[PDB]
Each structure stands twice: as structure tokens, then as C-alpha cells.
Amino acid sequence: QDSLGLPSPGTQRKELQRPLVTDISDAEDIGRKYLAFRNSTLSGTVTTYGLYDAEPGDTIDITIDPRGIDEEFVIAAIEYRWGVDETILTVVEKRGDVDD
Amino acid sequence: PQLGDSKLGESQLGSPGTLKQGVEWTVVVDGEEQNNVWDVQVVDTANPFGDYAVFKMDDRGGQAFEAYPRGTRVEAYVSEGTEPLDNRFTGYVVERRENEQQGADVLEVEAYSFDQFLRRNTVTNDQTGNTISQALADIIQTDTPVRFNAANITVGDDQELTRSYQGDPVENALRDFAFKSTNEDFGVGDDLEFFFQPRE
Amino acid sequence: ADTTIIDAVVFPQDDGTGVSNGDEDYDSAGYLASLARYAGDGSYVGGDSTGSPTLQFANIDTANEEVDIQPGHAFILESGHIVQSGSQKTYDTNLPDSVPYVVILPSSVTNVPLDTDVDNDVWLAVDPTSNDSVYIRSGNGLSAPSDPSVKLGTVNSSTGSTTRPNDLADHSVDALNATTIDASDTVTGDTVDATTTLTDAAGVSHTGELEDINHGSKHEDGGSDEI
Amino acid sequence: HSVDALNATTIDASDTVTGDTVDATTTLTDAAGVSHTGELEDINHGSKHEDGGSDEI
Amino acid sequence: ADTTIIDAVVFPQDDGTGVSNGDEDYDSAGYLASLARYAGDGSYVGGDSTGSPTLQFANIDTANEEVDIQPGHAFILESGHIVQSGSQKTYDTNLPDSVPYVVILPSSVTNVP
Amino acid sequence: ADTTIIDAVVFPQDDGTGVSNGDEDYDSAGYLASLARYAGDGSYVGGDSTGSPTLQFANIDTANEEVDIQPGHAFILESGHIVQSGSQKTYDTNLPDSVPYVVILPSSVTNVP
Amino acid sequence: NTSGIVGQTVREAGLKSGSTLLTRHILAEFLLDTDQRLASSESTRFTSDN
Ligand SMILES: [K+]
Ligand SMILES: [Mg+2]
Ligand SMILES: [Mg+2]
Ligand SMILES: [Mg+2]
Ligand SMILES: [Mg+2]
Ligand SMILES: [Mg+2]
Ligand SMILES: [Mg+2]
Ligand SMILES: [Mg+2]
Ligand SMILES: [Mg+2]
Ligand SMILES: [Mg+2]
Ligand SMILES: [Mg+2]
Ligand SMILES: [Mg+2]
Ligand SMILES: [Mg+2]
């Protein structure tokens, strides 16, 4: 509202139906889950080497000075590529594209 | 020259300067000018489609990434030659992306515009027995955050609605109304005002 | 409640004003012409080629919190400038008096924010720390800017009523000579002399004398204009 | 030339000095040359002269 | 119709006004001082040190056509001048309102048709 | 009779005003702004931001030798200035009329006899 | 149908310890109409400055 200068709050909305749900707290949770899983997030790739013992769900220190990053992150995905010798770390969250 | 750097009578007025030529896009970010921009794409579309902009700029130690949280106001102004600045895009940030492009730290900002608010809202009331003019008033005032001005509405074939539009996306309902009427244009102006009026 | 104008320009500016060394204004013809247009004693809003106050309010949006400033120019006084002693590069002479900037707004400032249902003060303000940084303050009873400024008007966002000081030049002079003079309100003075005619408030032109009170003594036996 | 407030010592004009209000403190000199320093005769004043009124004749 | 005046000077002029990039005015003190003489709101013929109007007509020949103009200075306004924003070289900012040129005739013009 | 003021400044000044070619004034904003403040027809002392004259008399002893002049500014006209025609660097055009310098005093002149 | 709040526009919320306010939030405006239940999803988070 404040950003765009809208007359009234900037509602963006979905309607869901879950007919077999009888309890209101479950319906709330479904709505909350819907909001949460598409709420804005840091994601993205850091390319390194090694880290064969690293699993998703693990934590790692990452320093990238040109990017202003000096944090401890959760690993969402690891990709190992021979030939090019790359370990690609997806941090915080992974989201698809057309797939999603 | 610049003031205070020349003794009088010694130099020519406004030298070494000359008239502006070429095209310039200025990006404004919550009122601040973004200075390191090297490319701009602005797309403006009819209603089925989203209006968007992409801005490309250089960043240093992630200082510029920090300026563009989701929902940040972006404006794009255009000038060619010595023409006044024209506000061509207004929108909100949906994606900020920073990646290495062959050594360069490239920041790409993507922004959507006001047409998202007609798209991501649903009709809540039953407009059965309303005229299209009455329906537009109800829908825009109740179901959308954009401003309603009765003078921007010109229905070319006003008729009563026999369907309850009570779950449709607002955009889809409006398009159905346009189909029933004289094929009118609708949308949100830069005034933040809704319009519904004859084409061409 | 604060608003930057992106295309506003401020002139003239030096190291001896509030700008850094790389950032002194450029020496444009139009700037010299617009600066020479000054013709007052205070801060004021300039007039067009037909004497209308520029920087008008237009499209006042009733109670809906918003107003448009039309294009124009304002003269804004700042005190405390430094100038250069003749043929020295160094800024060293502190000025004794306040001296004007021109602020040119080349386009409309559209839909300026007002606080709801109340009196709001419309201040136009310059930031003398950087070149051409200009801003508007417009909020409920909002305190005047610290920086060089002028009051463009005041707006009540309940009624939509607008009133404005500073809209043309205030002008202390010693002596003035004219063909014609035409005031809106009071033509004031410790003497009024009519050399050929006085036309009164009802639009009747007296060629001759006027008559004071307690006159009746003249109408009596042997007086001037006896009855 | 156009202003809001002209603040002066002396003002002198070779045609009309118009105003929708003219205010003369201290002196008024008319078209003949009489220098008044008090209030002036309204038209149709004569009632004042009649029994007991101000400026009786 | 024509009467080209060969000795007139006009200030201020740069490519923000209508001139080429070579043909900018010089930054003379006398120009700045004469331009500072502006006080009106429109275009006007300037007064001397007493207030008497300059650029007077003289020496009308009547049936033999011609007339003479005395020396002096006029202020003429022009619209749509470009100026240089901030610290920039480039002329980029259009002026919203009409602004004065000081036009100086240093000598009399003889026998205008 | 002469009391010389060590901190006074005069603007604008060129070859065309009388000063030598090494000694022309530098074009400060504060000078341009103060010069623009002129509005009259003749010479006069300038008024402050409130419309009150500067350069006042102060400490006017009735019977001693000395008086004080306050800070402020005045406008002084001079005739026979030369200006640069067109884009010529040469000062070649005599002005038809008289034009103001600004005289600026940054301090009170103390004890003028 | 809680007495003080039905028919009212709600604009703010806060977590409390008796009378003492622990958190405060500004909400987007809503009318709490008849027969409507209102609930909170109040997230309190404990973090470091890295
Ligand atoms: K149709
Ligand atoms: Mg120069
Ligand atoms: Mg040039
Ligand atoms: Mg569009
Ligand atoms: Mg669209
Ligand atoms: Mg500037
Ligand atoms: Mg410098
Ligand atoms: Mg508007
Ligand atoms: Mg020229
Ligand atoms: Mg002749
Ligand atoms: Mg000097
Ligand atoms: Mg020289
Ligand atoms: Mg003394």
C-alpha cells in the first residue's frame, strides 16, 4: 500500500477448497502452509569444489566478499559435477520453475 | 565552466557543454536514483498479460541488492534529446537477482505493475440484476485496491447481468463484461484510477 | 511527510555555498537570465510573462489527500555564503546578508501527500549540501524546514481549502514613479494628492474640492454657498 | 511590474492610481488643492443639521 | 522587410539558447551588470540612471519616410531555453517560463525605412 | 579624505571595467546572487532579508571625531564599460548606459574620522 | 460475537503478559462482522546478530 500509494491495503489473494477438512485449525494451517511455501526467500547457487561429505540440511559458512555475503547457511541441494570439477550448493531454499 | 573556477570574460557560457542527444532511462527506487544502470527493458501489455520491467546494473559488495526488497517502488523515466523526463513505468519489485557474469557482479531487478491487483483478486458479491456500470462500481470498490472514478466508466452496451460472477478473478469478470458490451478497454491508469471505456 | 523532486534545479551553487568541490553549478545562459529575474527583498514565488504567480496549485483532490504543483520558479534566500576575494581562488569572504537561489521546477509535481482531515503546511526546501537536491514538506502543522525554504501555501484536507503567502515579490523601495498603479487591497499613505482628478468610491469624478464635516457654517448668511 | 507588498517612502503616478480601497492617514489633498485632515461629507447628509443634531445651523 | 543592426550585442547566449556550440557568449562583467538591471515581468525598454526611457525615436522625416533610433538597451523574453542540471556538462533541463535577453545597442540607428 | 577598507569586495570586474588582465574577478555564486538583487534605476544601498537598509551609521558620538559604518552592501553605477561582442575575446563594444557594481562590506567599519 | 470487538474495524494486535505489552503489530484493516471467529498466528523469533 505504502510503496505503490494504493487507496486501500494491497490484497493479493487465492481461494482454496478442502471439503474433507472439518476442523478450522487445519484449514488455517493449510492456508498458512500455502502462504509460507511461496513467501519471498533468499535462494541460489554458490559454486565451489569438494564437499563430498556434505548433505542437504547441513550448515556451512560462506564468505563471498564481492557479493557482501558472510553468513552461515542451510544447504538445500548439492550437485557434484566431474569433468568441470564443480560442487554447486543451493542455499536456504530450493524452488523450481515450470516444474513448480 | 563550473562556477568559481573561471575569471570573468575569460571563458564562454556553459562551456565545454553541449545539447543532450541520445536516449536515457532513469531508474528511481523509493525516490532514490539508481546510478549504475546499464540496461532497461519495459513491457506494456493488454489485459491478459502482465506488465513488467527488467533493470540491469552493476553492484559492489551487495550494496545495491540491499536497496530492492520485495514490494519496493520502482519508477522508470525516459528522455530522448532535450525532451522532459517521462514516467513510463511504475511498479513493485518481485525479484532481485545477483550473479557473476564473467567477473562482473550483475544485479537484475524484475518488477510487476498494477495489473496484478485485478488479476489476483476475486469478485466477492453477487452482481445478478446489476447493470455493467453498477457491477464495475461494486467490483472495483469492494474487491480491488485501485481507485474508482465514475467518469472513467463508459459502457457502450449497458445490460443486466444474469450470472453471479461471485468467484471469478476480477480481470476475467471484466473481460466477460467487455465481451458482452462493445469490446471496451479496461485497466489501471498511471493515476492509479480504474477505467472501462470504448476502444481506439 | 517528505518528497524529492527529481527534475528540479537550484542555481547558483559553489564551494562557498553548500556543495563539495567537484559539484559546483554550471554556467548556463538560462540560469543567468532566470537569476536576473529577481525583483524583491525576501523569499518569493516568481511570476510569468503576464505576472501570474507560477507554482500554482491545480487538481486539488478534495478530501482524498492529494494536490498537484504546476511548473514555475521560486526565489529562496539563504544567509551565510562565502565568496572569493578578487582574483584569489580561495573562498574567504563571509557575506553580510542573505542572497537568493533560483529554484526552477520544469514540470508538475503530481499528487503531493497531505495528512488526513486537517491543516497541512506546504514548504518548498533546498538541501545546500548537494547540487540540485530539492524537497517538499507537507504534513499536519508540520515544522518549517531547517534548510533554505519558502512556504508555497497551506492546505486543509477536510474542506480542500488552500491559502498562500509569498506568491509574488515583497519589495522595500525608497521612491517609485509610474504611469499607472493598481492595488488589490489598500493603497496606503500618510498623504494622498490628486493632481487632476479624484474619483471616489462610487465612481464619481470630483474636478474641484472635497468637503470636510462641520460644514454647515458655510450655508449661513454671508458664507460661501449660502442657502 | 508585479508584487505583493510595495513598501515605500514616496509614490508618484502620471495616470490612474486605482485601488478597491484607498487609505489616507494623516492628509488628503483634493483635485483643487485643499489639504483635509479629518472626516468627509457623505452625500445626502442634511438631516444632521436638523434640531439637536451634530453640525446644527 | 529588414533592418540588420551591425553593432548590437545580445546576452546571455549559449547552446541552451538558440546558438551553435562555437558561438557561445563570453562571460563579461558589463554584461552581467547590464543583465542585473532587469526588474520587470515582461519585455521592456530600459531606463537610464535617472529612469528616463532609452532607445528613443528621433529625427522623423515624415513624407520622406525615414526615422532614427537613439542608443540604449531592451529586455526581450524568450521561452524554452535549456539549462545544465547540477554538475553536468549537458544541457538537459527545459526552463518552464520565458526569461530575458539584454539587447544592447551601443550607437544610434540612422534612417530606418 | 580616504579610509581604505581591507575586507570590502567589488564585483563584477574585467579588462572592460578597468582592472588589468591578470586581476579579473572570479565568478562566485554569492556574487551572482548579490548582483541579481539590484532592482532600482539609480545607485542605492541594499536592504536585508526583512526589507531594512544595510550599511547603517552606528556609535554616532555627538562631539568626538569618529563614527562606525555597519556591514552590508550597496549598488554603484558606472558608465563607459567595454564588453566583448559575439564570440570575440576582444573587448570592443562600449556600453550605451551606466551599470552597477556591488560593493559588499563583511564587517562594521570601526571609527571612521 | 465478542461484545467489544464485533462491528468494529481492527487495526492493531499485541502479545501480552497480563497488562504488559510484549509485542505490537499494525494489521491491514478488517471489520469483524457477526458470527466471525478471529484468531492470531503470532510468530515470535529469537536470533543473533550473526
Ligand atoms: K463483443
Ligand atoms: Mg566563467
Ligand atoms: Mg556549448
Ligand atoms: Mg498496461
Ligand atoms: Mg497488462
Ligand atoms: Mg544547482
Ligand atoms: Mg572549485
Ligand atoms: Mg491527481
Ligand atoms: Mg551574444
Ligand atoms: Mg534621419
Ligand atoms: Mg572585485
Ligand atoms: Mg581580461
Ligand atoms: Mg566605533
# chains A, B, ... in the order shown; residues from 1 in each chain; ligands from 1
>>> residues_near_ligand(ligand="ligand 6", cutoff="6 Å", atoms="only C-alpha atoms and all ligand atoms", output="number ranges by chain")
C: 9-13, 25, 131-132; E: 86
>>> calpha_fit_rmsd(fixed="chain E", moving="chain F")
0.5 Å
>>> residues_around(residues="segment 2-12 of chain B", least_positions_apart="5", cutoff="6 Å", atoms="only C-alpha atoms", output="JSON, numbers by chain")
{"C": [24, 25, 26, 27], "E": [24, 25, 26, 27, 28], "F": [24, 25, 26, 27, 28]}
>>> interface_residues(of="chain A", to="chain B", cutoff="6 Å", atoms="only C-alpha atoms", output="ChimeraX atom specification")
/A:3,8,10,12-13,66-68
>>> residues_around(residues="residue 46 of chain F", least_positions_apart="4", cutoff="8 Å", atoms="only C-alpha atoms", output="list in words")
residues 38, 53, 54, 72, 73, 74 and 75 of chain F
>>> write_last_selection(atoms="N, CA, C and O atoms", output="tab-separated table (two decimals), in the first residue's frame")
chain	number	residue	atom	x	y	z
F	38	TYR	N	19.85	43.66	-7.38
F	38	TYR	CA	19.59	45.00	-7.88
F	38	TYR	C	18.22	45.05	-8.57
F	38	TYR	O	17.83	44.08	-9.22
F	53	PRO	N	17.32	48.68	5.22
F	53	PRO	CA	18.65	49.04	4.71
F	53	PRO	C	19.82	48.57	5.56
F	53	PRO	O	19.77	48.63	6.79
F	54	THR	N	20.87	48.09	4.88
F	54	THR	CA	22.16	47.75	5.47
F	54	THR	C	23.05	49.00	5.45
F	54	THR	O	22.57	50.08	5.13
F	72	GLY	N	27.09	45.32	5.23
F	72	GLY	CA	26.02	45.34	4.24
F	72	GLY	C	26.56	45.52	2.83
F	72	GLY	O	27.71	45.19	2.56
F	73	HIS	N	25.72	46.06	1.94
F	73	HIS	CA	26.08	46.21	0.53
F	73	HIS	C	25.37	47.40	-0.10
F	73	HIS	O	24.31	47.83	0.36
F	74	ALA	N	25.99	47.92	-1.18
F	74	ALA	CA	25.43	49.00	-1.98
F	74	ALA	C	25.68	48.74	-3.46
F	74	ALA	O	26.59	47.99	-3.83
F	75	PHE	N	24.85	49.38	-4.30
F	75	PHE	CA	24.97	49.33	-5.75
F	75	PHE	C	25.43	50.69	-6.25
F	75	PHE	O	24.83	51.71	-5.92
>>> residues_near_ligand(ligand="ligand 10", cutoff="8 Å", atoms="only C-alpha atoms and all ligand atoms", output="PyMOL selection string")
chain E and resi 58-61+66-68+110-112
>>> write_last_selection(atoms="N, CA and C atoms", output="PDB file, in the first residue's frame")
ATOM      1  N   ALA E  58      13.961  59.532 -32.852  1.00  0.00           N
ATOM      2  CA  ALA E  58      14.389  60.889 -33.172  1.00  0.00           C
ATOM      3  C   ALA E  58      14.311  61.129 -34.680  1.00  0.00           C
ATOM      4  N   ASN E  59      14.211  62.412 -35.067  1.00  0.00           N
ATOM      5  CA  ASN E  59      14.510  62.911 -36.407  1.00  0.00           C
ATOM      6  C   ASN E  59      13.608  62.288 -37.479  1.00  0.00           C
ATOM      7  N   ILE E  60      12.282  62.380 -37.291  1.00  0.00           N
ATOM      8  CA  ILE E  60      11.294  61.850 -38.228  1.00  0.00           C
ATOM      9  C   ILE E  60      11.256  62.733 -39.480  1.00  0.00           C
ATOM     10  N   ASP E  61      11.266  62.101 -40.668  1.00  0.00           N
ATOM     11  CA  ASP E  61      11.347  62.795 -41.952  1.00  0.00           C
ATOM     12  C   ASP E  61       9.973  62.915 -42.625  1.00  0.00           C
ATOM     13  N   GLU E  66      11.860  58.357 -43.554  1.00  0.00           N
ATOM     14  CA  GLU E  66      12.790  57.739 -42.609  1.00  0.00           C
ATOM     15  C   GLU E  66      12.733  58.329 -41.191  1.00  0.00           C
ATOM     16  N   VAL E  67      13.290  57.572 -40.218  1.00  0.00           N
ATOM     17  CA  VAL E  67      13.320  57.870 -38.783  1.00  0.00           C
ATOM     18  C   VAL E  67      14.607  57.304 -38.161  1.00  0.00           C
ATOM     19  N   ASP E  68      15.029  57.846 -37.001  1.00  0.00           N
ATOM     20  CA  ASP E  68      16.255  57.448 -36.308  1.00  0.00           C
ATOM     21  C   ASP E  68      15.947  56.896 -34.909  1.00  0.00           C
ATOM     22  N   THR E 110      20.488  55.040 -37.955  1.00  0.00           N
ATOM     23  CA  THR E 110      20.190  56.189 -38.798  1.00  0.00           C
ATOM     24  C   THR E 110      19.280  55.783 -39.957  1.00  0.00           C
ATOM     25  N   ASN E 111      18.148  56.490 -40.077  1.00  0.00           N
ATOM     26  CA  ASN E 111      17.274  56.479 -41.243  1.00  0.00           C
ATOM     27  C   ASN E 111      16.739  55.070 -41.518  1.00  0.00           C
ATOM     28  N   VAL E 112      15.920  54.576 -40.578  1.00  0.00           N
ATOM     29  CA  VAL E 112      15.116  53.369 -40.724  1.00  0.00           C
ATOM     30  C   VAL E 112      14.027  53.653 -41.759  1.00  0.00           C
TER      31      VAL E 112
END
>>> closest_atom_pairs(of="chain B", to="ligand 1", cutoff="7 Å", atoms="only C-alpha atoms and all ligand atoms", output="Markdown table")
| residue | atom | partner | partner_atom_place_in_ligand_line | distance |
| --- | --- | --- | --- | --- |
| B:178 | CA | ligand 1 | 1 (K) | 6.5 |
| B:179 | CA | ligand 1 | 1 (K) | 4.1 |
| B:180 | CA | ligand 1 | 1 (K) | 5.4 |
| B:181 | CA | ligand 1 | 1 (K) | 5.6 |
| B:182 | CA | ligand 1 | 1 (K) | 5.0 |
| B:183 | CA | ligand 1 | 1 (K) | 4.6 |
>>> write_last_selection(atoms="N, CA, C and O atoms", output="compact mmCIF listing (two decimals), in the first residue's frame")
# COMPACT_ATOMS: atom_id res chain seq x y z
N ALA B 178 -16.70 -6.90 -21.00
CA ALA B 178 -16.25 -6.27 -22.23
C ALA B 178 -16.76 -7.04 -23.44
O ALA B 178 -17.11 -6.43 -24.45
N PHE B 179 -16.83 -8.37 -23.31
CA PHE B 179 -17.32 -9.23 -24.38
C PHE B 179 -18.82 -9.01 -24.59
O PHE B 179 -19.29 -9.02 -25.73
N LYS B 180 -19.56 -8.83 -23.48
CA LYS B 180 -21.00 -8.63 -23.51
C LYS B 180 -21.33 -7.23 -24.04
O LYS B 180 -22.34 -7.05 -24.71
N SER B 181 -20.46 -6.26 -23.72
CA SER B 181 -20.60 -4.89 -24.19
C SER B 181 -19.88 -4.72 -25.53
O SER B 181 -19.78 -5.67 -26.30
N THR B 182 -19.37 -3.50 -25.78
CA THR B 182 -18.83 -3.11 -27.08
C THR B 182 -17.31 -3.30 -27.17
O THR B 182 -16.64 -2.55 -27.87
N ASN B 183 -16.78 -4.32 -26.46
CA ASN B 183 -15.39 -4.76 -26.59
C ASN B 183 -14.42 -3.73 -25.98
O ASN B 183 -13.33 -3.53 -26.52
>>> select_by_dssp(residues="segment 30-95 of chain E", states="strand (DSSP E or B)", output="list in words")
residues 44, 45, 47, 53, 57, 58, 67, 68, 69, 72, 73, 74, 75, 76, 77, 78, 82, 83, 84, 91, 92, 93 and 94 of chain E
>>> select_by_dssp(residues="chain E", states="alpha helix (DSSP H)", output="count of residues only")
7
>>> interface_residues(of="chain E", to="chain F", cutoff="8 Å", atoms="only C-alpha atoms", output="PyMOL selection string")
chain E and resi 7+9-10+22-26+28-34+36-39+47-51+71-73+104-107
>>> interface_residues(of="chain C", to="chain E", cutoff="6 Å", atoms="only C-alpha atoms", output="PyMOL selection string")
chain C and resi 23+25+28-30+33-34+36+39+49+72+106+131-132
>>> residues_around(residues="residue 38 of chain D", least_positions_apart="5", cutoff="10 Å", atoms="only C-alpha atoms", output="PyMOL selection string")
(chain C and resi 212-213) or (chain D and resi 25-28)
>>> write_last_selection(atoms="N, CA and C atoms", output="short mmCIF file (atom, residue, chain, number, x, y, z; two decimals), in the first residue's frame")
data_model
loop_
_atom_site.label_atom_id
_atom_site.label_comp_id
_atom_site.auth_asym_id
_atom_site.auth_seq_id
_atom_site.Cartn_x
_atom_site.Cartn_y
_atom_site.Cartn_z
N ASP C 212 -15.15 68.68 4.06
CA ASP C 212 -14.98 68.10 5.39
C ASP C 212 -16.30 68.21 6.15
N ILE C 213 -16.37 67.54 7.32
CA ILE C 213 -17.50 67.62 8.24
C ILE C 213 -17.52 69.00 8.91
N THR D 25 -4.10 58.01 5.77
CA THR D 25 -3.73 58.53 7.08
C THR D 25 -3.14 59.93 6.90
N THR D 26 -3.35 60.80 7.90
CA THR D 26 -2.54 61.98 8.13
C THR D 26 -2.89 63.17 7.22
N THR D 27 -3.24 62.95 5.93
CA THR D 27 -3.55 64.03 4.99
C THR D 27 -4.27 63.51 3.74
N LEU D 28 -5.17 64.34 3.17
CA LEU D 28 -5.67 64.20 1.81
C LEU D 28 -5.73 65.57 1.13
#
>>> residues_near_ligand(ligand="ligand 4", cutoff="6 Å", atoms="only C-alpha atoms and all ligand atoms", output="PyMOL selection string")
chain B and resi 44-46+51
>>> closest_residue(among="A:53, A:7, A:23, A:14", to="chain C", atoms="only C-alpha atoms")
A:7
>>> residues_around(residues="residue 13 of chain D", least_positions_apart="5", cutoff="7 Å", atoms="only C-alpha atoms", output="ChimeraX atom specification")
/C:177-180
>>> write_last_selection(atoms="N, CA and C atoms", output="PDB file, in the first residue's frame")
ATOM      1  N   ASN C 177       8.145  55.769  -9.239  1.00  0.00           N
ATOM      2  CA  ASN C 177       7.466  56.581 -10.242  1.00  0.00           C
ATOM      3  C   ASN C 177       6.815  55.653 -11.270  1.00  0.00           C
ATOM      4  N   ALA C 178       5.628  56.023 -11.782  1.00  0.00           N
ATOM      5  CA  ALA C 178       4.845  55.140 -12.642  1.00  0.00           C
ATOM      6  C   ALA C 178       3.990  55.913 -13.648  1.00  0.00           C
ATOM      7  N   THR C 179       3.470  55.194 -14.660  1.00  0.00           N
ATOM      8  CA  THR C 179       2.314  55.636 -15.430  1.00  0.00           C
ATOM      9  C   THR C 179       1.059  55.320 -14.618  1.00  0.00           C
ATOM     10  N   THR C 180       0.815  54.028 -14.351  1.00  0.00           N
ATOM     11  CA  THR C 180      -0.359  53.602 -13.602  1.00  0.00           C
ATOM     12  C   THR C 180       0.039  52.728 -12.413  1.00  0.00           C
TER      13      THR C 180
END
>>> closest_atom_pairs(of="chain D", to="chain F", cutoff="12 Å", atoms="only C-alpha atoms", output="Markdown table")
| residue | atom | partner | partner_atom | distance |
| --- | --- | --- | --- | --- |
| D:1 | CA | F:39 | CA | 10.9 |
| D:5 | CA | F:51 | CA | 10.8 |
| D:6 | CA | F:51 | CA | 10.3 |
| D:7 | CA | F:51 | CA | 8.4 |
| D:8 | CA | F:51 | CA | 10.4 |
>>> atom_distance(atom1="atom CA of residue 44 of chain E", atom2="atom CA of residue 12 of chain D")
20.1 Å
